[PDB]
Amino acid sequence: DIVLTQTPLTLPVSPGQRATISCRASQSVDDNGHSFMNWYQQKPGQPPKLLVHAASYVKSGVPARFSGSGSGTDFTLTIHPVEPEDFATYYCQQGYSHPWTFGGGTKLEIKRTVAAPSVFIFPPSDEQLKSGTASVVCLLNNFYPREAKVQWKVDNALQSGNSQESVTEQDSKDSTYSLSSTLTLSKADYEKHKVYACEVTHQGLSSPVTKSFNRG
Amino acid sequence: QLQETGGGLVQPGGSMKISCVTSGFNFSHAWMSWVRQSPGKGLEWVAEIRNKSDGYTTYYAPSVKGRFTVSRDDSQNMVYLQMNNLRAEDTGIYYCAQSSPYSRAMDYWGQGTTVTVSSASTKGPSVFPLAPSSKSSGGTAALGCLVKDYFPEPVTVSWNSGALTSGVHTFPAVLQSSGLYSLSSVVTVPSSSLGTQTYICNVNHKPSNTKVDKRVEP
């Protein structure tokens, strides 16, 4: 199957600037002077929409600031300038041979200035503890850019494989993200330790921030 | 122009048939495809059926061939997907689309129907408080609700029956290894409000037809 390496996964663009989205195919998708690479746009809760077919042929009604280019194994979708309605996910798709395959997607995100997260930690409720599980929640609020490392430490032991992160879409007013990191332990494991700490590293912070509490 | 139906809940090993009604173009001439989207596996092509002139030739993604069957009925402008021996990996939004003979692009997609494949029984969430911390720097406190162990998606969360919207962040669900979903909803409020203002999250879960209101205090 023809694998499509679409880069990047997430692409910051300032409004007004150029967005350049690449798609490499693992072999050629050319035949008889046609390059069979198609591009789509998808917004949350909506179907994809065809933008470009045969590499460079913009579908009728699609604005001129969209252009497709490339051949053989390397293809490009450029958006210049990026208008606020253009922020969405984009996919490349080869129509050379079955099975039809898609790239992994490129989300255009609004570039804005760096904003450090506000960090908060929440013990599990006494109510949840009654049921037999303990969820410890670390909140990073209103930050940019998206990339941030959240480490959990439990009596100074670094935690591995018992936490899950979830991130909101960019806020419509300020273009920041928020993120939750949730550490899930049994009531048993929770009770064995005292100090619970969430360490956050983000480029907006000069040094990492730790929020912690003692069980009590 | 295109509209899918038939999606819902089913257990691994089970079967489901979905359909797609179309209009606004010559259906009998068109090639039609199914494509599915699993949150965090992007778009995956599933099946194709053509005709235009001859064959009703069918093509399948390797990982569903034999299990899945695409058919059509030209007289009703209907495409069908019969899915047997379903696995959790098949969970997704399934879209029907018109495949172009030129570029093999997919030209006009429906809104999609979701197929969810799991052993989990439908269950409303347990809702726990994320209590504001005592003390503190700028006079803002964050608080929230942990909405845990429900199936299937989705839940909706509001605050104080829709009267509190500024600074609310409701995170996307994560599917836990139990097969149940979990998320949190948070909001930031003035520290000075915490004695005088009550803060309640309203969690609605349509598939269980349940509504849970939880007060979150110090």
# chains A, B, ... in the order shown; residues from 1 in each chain; ligands from 1
$ select_by_dssp --residues "region 64-162 of chain A" --states "strand (DSSP E)" --output "ChimeraX atom specification"
/A:66-71,74-79,89-94,101-102,106-110,118-122,133-143,149-154,157-158
$ residues_around --residues "region 169-183 of chain B" --least-positions-apart "4" --cutoff "6 Å" --atoms "only C-alpha atoms" --output "PyMOL selection string"
(chain A and resi 168) or (chain B and resi 147-151)
$ atom_distance --atom1 "CA of residue 42 (chain A)" --atom2 "CA of residue 143 (chain A)"
24.5 Å
$ interface_residues --of "chain A" --to "chain B" --cutoff "8 Å" --atoms "only C-alpha atoms" --output "short mmCIF file (atom, residue, chain, number, x, y, z; two decimals) with C-alpha atoms, in the first residue's frame"
data_model
loop_
_atom_site.label_atom_id
_atom_site.label_comp_id
_atom_site.auth_asym_id
_atom_site.auth_seq_id
_atom_site.Cartn_x
_atom_site.Cartn_y
_atom_site.Cartn_z
CA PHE A 36 -2.88 11.47 -8.80
CA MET A 37 -2.71 13.33 -5.48
CA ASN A 38 -5.79 14.97 -4.03
CA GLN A 46 -17.90 18.29 9.35
CA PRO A 47 -17.11 15.97 6.43
CA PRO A 48 -13.91 16.49 4.45
CA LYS A 49 -14.22 18.73 1.34
CA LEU A 50 -12.28 18.21 -1.87
CA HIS A 53 -7.42 16.90 -7.53
CA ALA A 54 -4.61 15.64 -9.83
CA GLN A 93 -4.87 11.32 -0.63
CA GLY A 95 -5.65 7.95 -6.19
CA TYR A 96 -2.93 6.05 -8.05
CA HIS A 98 -5.92 0.66 -4.40
CA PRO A 99 -6.17 0.84 -1.54
CA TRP A 100 -6.73 4.60 -1.64
CA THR A 101 -4.64 6.11 1.16
CA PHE A 102 -4.54 9.34 3.08
CA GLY A 103 -1.82 11.28 4.79
CA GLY A 104 -2.02 11.63 8.54
CA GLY A 105 -3.36 15.19 8.34
CA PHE A 120 -3.33 23.89 39.07
CA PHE A 122 -6.54 18.80 42.23
CA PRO A 123 -6.57 15.92 44.70
CA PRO A 124 -9.17 13.18 44.12
CA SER A 125 -12.47 13.94 45.88
CA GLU A 127 -16.40 10.93 47.04
CA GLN A 128 -14.34 9.24 44.29
CA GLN A 164 -3.37 10.56 30.09
CA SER A 166 -6.16 15.81 26.87
CA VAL A 167 -5.95 19.24 25.15
CA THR A 168 -8.69 21.65 24.06
CA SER A 178 -5.57 24.34 27.87
CA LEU A 179 -4.55 20.85 28.87
CA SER A 180 -5.44 18.31 31.56
#
$ closest_residue --among "A:73, A:41, A:56, A:203" --to "residue 114 (chain A)" --atoms "only C-alpha atoms"
A:203
$ residues_around --residues "residue 62 (chain A)" --least-positions-apart "5" --cutoff "10 Å" --atoms "only C-alpha atoms" --output "PyMOL selection string"
chain A and resi 50-52+67
$ residues_around --residues "residue 196 (chain A)" --least-positions-apart "3" --cutoff "6 Å" --atoms "only C-alpha atoms" --output "list in words"
residues 154, 212 and 213 of chain A
$ write_last_selection --atoms "N, CA and C atoms" --output "PDB file, in the first residue's frame"
ATOM      1  N   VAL A 154       5.503  11.142  42.549  1.00  0.00           N
ATOM      2  CA  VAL A 154       4.798  10.611  43.695  1.00  0.00           C
ATOM      3  C   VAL A 154       5.876  10.171  44.679  1.00  0.00           C
ATOM      4  N   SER A 212       2.091  20.966  43.816  1.00  0.00           N
ATOM      5  CA  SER A 212       1.969  19.766  44.617  1.00  0.00           C
ATOM      6  C   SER A 212       1.042  19.956  45.808  1.00  0.00           C
ATOM      7  N   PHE A 213       0.662  18.840  46.413  1.00  0.00           N
ATOM      8  CA  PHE A 213      -0.037  18.839  47.690  1.00  0.00           C
ATOM      9  C   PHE A 213       0.379  17.567  48.440  1.00  0.00           C
TER      10      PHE A 213
END
$ residues_around --residues "residue 117 (chain B)" --least-positions-apart "6" --cutoff "6 Å" --atoms "only C-alpha atoms" --output "PDB file with N, CA and C atoms, in the first residue's frame"
ATOM      1  N   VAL B  10     -22.619  -1.726  18.841  1.00  0.00           N
ATOM      2  CA  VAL B  10     -22.601  -3.163  18.589  1.00  0.00           C
ATOM      3  C   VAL B  10     -21.387  -3.725  19.299  1.00  0.00           C
ATOM      4  N   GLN B  11     -21.452  -5.002  19.655  1.00  0.00           N
ATOM      5  CA  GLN B  11     -20.377  -5.694  20.350  1.00  0.00           C
ATOM      6  C   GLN B  11     -19.424  -6.342  19.363  1.00  0.00           C
ATOM      7  N   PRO B  12     -18.161  -6.567  19.782  1.00  0.00           N
ATOM      8  CA  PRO B  12     -17.188  -7.259  18.916  1.00  0.00           C
ATOM      9  C   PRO B  12     -17.725  -8.618  18.527  1.00  0.00           C
ATOM     10  N   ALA B  88     -13.197  -3.664  17.628  1.00  0.00           N
ATOM     11  CA  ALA B  88     -13.097  -2.342  18.216  1.00  0.00           C
ATOM     12  C   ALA B  88     -12.392  -1.346  17.274  1.00  0.00           C
ATOM     13  N   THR B  91     -14.402   1.067  14.941  1.00  0.00           N
ATOM     14  CA  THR B  91     -15.145   2.179  15.511  1.00  0.00           C
ATOM     15  C   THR B  91     -14.776   3.455  14.756  1.00  0.00           C
TER      16      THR B  91
END
$ select_by_dssp --residues "region 105-164 of chain A" --states "helix (DSSP H, G or I)" --output "count of residues only"
6
$ residues_around --residues "residue 214 (chain B)" --least-positions-apart "5" --cutoff "7 Å" --atoms "only C-alpha atoms" --output "number ranges by chain"
B: 127, 200-202
$ closest_residue --among "B:210, B:38, B:51, B:191" --to "residue 113 (chain B)" --atoms "only C-alpha atoms"
B:38
